Amino acid sequence: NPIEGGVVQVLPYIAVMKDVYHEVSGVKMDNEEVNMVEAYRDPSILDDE
Amino acid sequence: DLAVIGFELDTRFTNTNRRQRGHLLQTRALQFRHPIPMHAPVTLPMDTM
């Protein structure tokens, strides 16, 4: 619509994460936050023992 | 010294009397156990509020 004058594309998705605690220094976390869709190509994302 | 020295014959017994019963046949059975393990979970935490 001429009044809208633009569009925003919103991509919700499901991410696989590990349960990891924040570091005392910790400039960024090291949680392997990966889009679950990659678990089809790479099986190591979901390995759990 | 060219001479015939010995021989072997392809003779055998006729089993009118069961002197030899030969190989034996019996039934057997084997069992394979396949118990189903429970695997590690995947958790989706959320706010209880």
# chains A, B, ... in the order shown; residues from 1 in each chain; ligands from 1
>>> interface_residues(of="chain A", to="chain B", cutoff="9 Å", atoms="only C-alpha atoms", output="ChimeraX atom specification")
/A:46,48-49
>>> select_by_dssp(residues="chain A", states="helix (DSSP H, G or I)", output="PyMOL selection string")
chain A and resi 38-41+43-46
>>> atom_distance(atom1="atom CA of residue 37 of chain A", atom2="atom CA of residue 14 of chain A")
8.0 Å
>>> residues_around(residues="residue 19 of chain A", least_positions_apart="2", cutoff="10 Å", atoms="only C-alpha atoms", output="VMD selection string")
(chain A and resid 17 21 31 to 32) or (chain B and resid 43)
>>> residues_around(residues="residue 33 of chain A", least_positions_apart="6", cutoff="9 Å", atoms="only C-alpha atoms", output="list in words")
residues 15, 16, 17 and 18 of chain A
>>> decode(residues="segment 17-36 of chain A", atoms="N, CA, C and O atoms", output="PDB file, in the first residue's frame")
ATOM      1  N   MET A  17      20.168 -24.884  21.845  1.00  0.00           N
ATOM      2  CA  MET A  17      21.103 -24.285  22.776  1.00  0.00           C
ATOM      3  C   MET A  17      21.562 -25.314  23.803  1.00  0.00           C
ATOM      4  O   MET A  17      20.933 -26.353  24.001  1.00  0.00           O
ATOM      5  N   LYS A  18      22.678 -24.999  24.452  1.00  0.00           N
ATOM      6  CA  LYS A  18      23.214 -25.794  25.546  1.00  0.00           C
ATOM      7  C   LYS A  18      22.997 -25.037  26.847  1.00  0.00           C
ATOM      8  O   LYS A  18      22.933 -23.806  26.844  1.00  0.00           O
ATOM      9  N   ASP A  19      22.873 -25.770  27.953  1.00  0.00           N
ATOM     10  CA  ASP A  19      22.691 -25.143  29.257  1.00  0.00           C
ATOM     11  C   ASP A  19      24.044 -24.764  29.843  1.00  0.00           C
ATOM     12  O   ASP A  19      24.740 -25.611  30.413  1.00  0.00           O
ATOM     13  N   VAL A  20      24.423 -23.497  29.705  1.00  0.00           N
ATOM     14  CA  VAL A  20      25.742 -23.022  30.105  1.00  0.00           C
ATOM     15  C   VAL A  20      25.575 -21.773  30.960  1.00  0.00           C
ATOM     16  O   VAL A  20      24.676 -20.960  30.742  1.00  0.00           O
ATOM     17  N   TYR A  21      26.460 -21.630  31.941  1.00  0.00           N
ATOM     18  CA  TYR A  21      26.422 -20.507  32.861  1.00  0.00           C
ATOM     19  C   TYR A  21      27.234 -19.339  32.313  1.00  0.00           C
ATOM     20  O   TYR A  21      28.181 -19.527  31.542  1.00  0.00           O
ATOM     21  N   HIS A  22      26.848 -18.131  32.709  1.00  0.00           N
ATOM     22  CA  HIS A  22      27.604 -16.943  32.333  1.00  0.00           C
ATOM     23  C   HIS A  22      28.949 -16.912  33.053  1.00  0.00           C
ATOM     24  O   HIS A  22      29.054 -17.327  34.211  1.00  0.00           O
ATOM     25  N   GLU A  23      29.972 -16.416  32.364  1.00  0.00           N
ATOM     26  CA  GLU A  23      31.308 -16.300  32.921  1.00  0.00           C
ATOM     27  C   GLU A  23      31.436 -14.990  33.694  1.00  0.00           C
ATOM     28  O   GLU A  23      30.711 -14.027  33.441  1.00  0.00           O
ATOM     29  N   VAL A  24      32.375 -14.969  34.647  1.00  0.00           N
ATOM     30  CA  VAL A  24      32.636 -13.746  35.404  1.00  0.00           C
ATOM     31  C   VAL A  24      33.204 -12.658  34.492  1.00  0.00           C
ATOM     32  O   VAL A  24      32.768 -11.504  34.543  1.00  0.00           O
ATOM     33  N   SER A  25      34.100 -13.023  33.567  1.00  0.00           N
ATOM     34  CA  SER A  25      34.606 -12.049  32.596  1.00  0.00           C
ATOM     35  C   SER A  25      33.546 -12.026  31.514  1.00  0.00           C
ATOM     36  O   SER A  25      32.739 -11.100  31.456  1.00  0.00           O
ATOM     37  N   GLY A  26      33.550 -13.024  30.636  1.00  0.00           N
ATOM     38  CA  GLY A  26      32.437 -13.218  29.714  1.00  0.00           C
ATOM     39  C   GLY A  26      31.985 -12.145  28.750  1.00  0.00           C
ATOM     40  O   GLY A  26      30.840 -11.701  28.829  1.00  0.00           O
ATOM     41  N   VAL A  27      32.854 -11.746  27.825  1.00  0.00           N
ATOM     42  CA  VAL A  27      32.501 -10.693  26.867  1.00  0.00           C
ATOM     43  C   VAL A  27      31.274 -11.123  26.044  1.00  0.00           C
ATOM     44  O   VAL A  27      30.480 -10.264  25.664  1.00  0.00           O
ATOM     45  N   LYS A  28      31.115 -12.423  25.775  1.00  0.00           N
ATOM     46  CA  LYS A  28      29.952 -12.953  25.077  1.00  0.00           C
ATOM     47  C   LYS A  28      29.853 -14.364  25.592  1.00  0.00           C
ATOM     48  O   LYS A  28      30.844 -14.897  26.086  1.00  0.00           O
ATOM     49  N   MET A  29      28.666 -14.961  25.512  1.00  0.00           N
ATOM     50  CA  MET A  29      28.502 -16.353  25.918  1.00  0.00           C
ATOM     51  C   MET A  29      29.075 -17.289  24.868  1.00  0.00           C
ATOM     52  O   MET A  29      29.303 -16.884  23.730  1.00  0.00           O
ATOM     53  N   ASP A  30      29.312 -18.540  25.249  1.00  0.00           N
ATOM     54  CA  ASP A  30      29.778 -19.536  24.287  1.00  0.00           C
ATOM     55  C   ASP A  30      28.707 -20.572  24.000  1.00  0.00           C
ATOM     56  O   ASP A  30      29.015 -21.660  23.520  1.00  0.00           O
ATOM     57  N   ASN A  31      27.455 -20.248  24.303  1.00  0.00           N
ATOM     58  CA  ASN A  31      26.371 -21.188  24.058  1.00  0.00           C
ATOM     59  C   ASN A  31      26.309 -21.390  22.565  1.00  0.00           C
ATOM     60  O   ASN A  31      26.286 -20.405  21.830  1.00  0.00           O
ATOM     61  N   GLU A  32      26.293 -22.638  22.112  1.00  0.00           N
ATOM     62  CA  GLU A  32      26.350 -22.926  20.685  1.00  0.00           C
ATOM     63  C   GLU A  32      24.921 -22.706  20.263  1.00  0.00           C
ATOM     64  O   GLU A  32      24.217 -23.698  20.076  1.00  0.00           O
ATOM     65  N   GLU A  33      24.482 -21.449  20.073  1.00  0.00           N
ATOM     66  CA  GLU A  33      23.093 -21.244  19.692  1.00  0.00           C
ATOM     67  C   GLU A  33      22.995 -21.333  18.179  1.00  0.00           C
ATOM     68  O   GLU A  33      23.460 -20.436  17.461  1.00  0.00           O
ATOM     69  N   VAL A  34      22.397 -22.417  17.687  1.00  0.00           N
ATOM     70  CA  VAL A  34      22.385 -22.747  16.269  1.00  0.00           C
ATOM     71  C   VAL A  34      20.944 -22.970  15.844  1.00  0.00           C
ATOM     72  O   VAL A  34      20.153 -23.552  16.593  1.00  0.00           O
ATOM     73  N   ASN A  35      20.598 -22.495  14.652  1.00  0.00           N
ATOM     74  CA  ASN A  35      19.269 -22.734  14.110  1.00  0.00           C
ATOM     75  C   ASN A  35      19.044 -24.234  13.949  1.00  0.00           C
ATOM     76  O   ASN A  35      19.850 -24.932  13.326  1.00  0.00           O
ATOM     77  N   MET A  36      17.945 -24.728  14.519  1.00  0.00           N
ATOM     78  CA  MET A  36      17.699 -26.167  14.544  1.00  0.00           C
ATOM     79  C   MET A  36      17.671 -26.773  13.148  1.00  0.00           C
ATOM     80  O   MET A  36      17.921 -27.971  13.000  1.00  0.00           O
TER      81      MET A  36
END
